[PDB]
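Read the single chain below, which is given as structure tokens and is the form deposited in one PDB entry.
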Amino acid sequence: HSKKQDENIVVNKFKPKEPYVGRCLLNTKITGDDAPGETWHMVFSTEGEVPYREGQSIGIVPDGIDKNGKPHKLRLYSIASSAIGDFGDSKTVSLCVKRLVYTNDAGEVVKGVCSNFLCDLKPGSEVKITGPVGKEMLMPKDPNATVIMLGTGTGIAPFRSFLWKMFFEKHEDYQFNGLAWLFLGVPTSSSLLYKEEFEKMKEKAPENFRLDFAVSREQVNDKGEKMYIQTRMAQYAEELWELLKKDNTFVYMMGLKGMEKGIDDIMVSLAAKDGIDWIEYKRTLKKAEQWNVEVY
């Protein structure tokens, strides 16, 4: 008796020791040439073998030998494409991959293994695919639900997956009639992911979809404070808190680790004005499958 779409769920069909070998079809940088770090959108072939659904992850074993001599362990990535995929043929999986580059304490420029592998993939090359993994971030069964989605960076990926099923696809058993509300936080305009796709959705279903961005380096609120995802949210505080009281409202959070801090801070103020301690109210939201977080 789960409140999420988990009928016939598949988990761990393919194992890291023996993964499904797909091929790269397309691989495209989807950030501007000026953004802080490039993100690539990529489409793999699965010939229908990898039966996922909105909100799951595939794992990726990257080609190569570690500093010791034995194969790399997998890195999980959220599925950017919806169940039926970007081609609608149900034979593809897509990823949204931030290329990881930082400079370490010692002055060296260090490239993350699995993300740089994916971002250097050419169409034709083989990719080792494991999974699908995850049961937390599945859509609500309820088609008249409210589905507030908070996301930073590559954390937009499951939400693209979500929304494609809702607004870009016809299904004889799922017709979304609730409210879908995306909040996407990024540094620059050039860091904006799938903007066009989301814009298109907003105009196709203006009743059911609401879309707010948060560009910290270019945007500012009344108090001149930088526009983080919680800063944007703060503008619709009284309203989001009102939806949360409703027992058919599902919140999803996905993106970099740091993002969960700011949102909580604002929820404290919001909850305090009602006379309710947030940090504890969230625990009832968790139990009820309504506050769903997953950060990395």
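The numbering used is simple: start at 1 and walk along the sequence shown.
So 249-257 or 64-72, which one's hotter by mean CA B-factor in the entry?
Higher mean C-alpha B-factor: 64-72.
Mean Cα B-factor comparison, 103-111 or 88-96, giving the higher one as deposited:
Per the PDB entry, the higher value belongs to 103-111.
Would you mind finding, among 158, 153, 206, 131, the residue with the largest C-alpha temperature factor in the entry?
Across 158, 153, 206, 131, the entry lists the biggest C-alpha B-factor for 206.
Whose CA atom has the top B-factor in the entry, of 266, 229, 42, 58?
Of the options given, 266 has the highest CA B-factor in the PDB entry.
Please place residue 198 in the lowest, middle or highest third of its chain according to the CA B-factor in the PDB entry.
Middle third by C-alpha B-factor.
Please rank the C-alpha B-factors of the chain's modelled residues and tell me whether residue 271 sits in the lowest, middle or highest third.
It belongs to the highest third of the chain when residues are ordered by C-alpha B-factor.
Quick check on the deposited entry: does the C-alpha B-factor of residue 176 sit in the lowest, middle or highest third of its chain?
Highest third, going by the recorded CA B-factors of the chain.
Split the chain's modelled residues into thirds by Cα B-factor; is residue 126 in the lowest, middle or highest one?
Its C-alpha B-factor, which the entry lists for residue 126, ranks in the middle third among residues of this chain.
Chain-relative CA temperature factor third for residue 142:
Ranked within chain, residue 142 CA B lands in the highest tercile.
Just so you know, the form deposited with a partner chain bound exists too; it's not on screen, but the next bit is about it.
Its partner chain is absent from this chain, but in the entry with it bound, do 33, 41 and 167 each have a non-hydrogen atom within 4.5 Å of it?
Looking in the entry with it bound, the three residues 33, 41 and 167 all sit within 4.5 Å of its partner chain (heavy atoms).
Hey, of 169-177, 103-111, 133-141, 149-157, which bit sits against its partner chain in the entry with it bound at 4.5 Å between non-hydrogen atoms?
Selected stretch: 169-177.
My question is simply whether residue 223 lines the interface with its partner chain in the entry with it bound - judged by any non-hydrogen atom within 4.5 Å.
Residue 223 lies outside the contact set for its partner chain.
Quick check on residue 218: any heavy atom within 4.5 Å of its partner chain in the entry with it bound?
Flag for residue 218 set to no.
Contact between residue 196 and its partner chain in the entry with it bound at 4.5 Å, heavy atoms?
Looking in the entry with it bound, residue contacts with its partner chain include residue 196, since a heavy atom lies within 4.5 Å.
Is there any non-hydrogen atom of residue 200 lying within 4.5 Å of its partner chain in the entry with it bound?
Yes, residue 200 is a contact residue.
Between the options 271, 26, 243, 237, which residue brings a heavy atom to within 4.5 Å of its partner chain in the entry with it bound?
Result of the distance check: 26.
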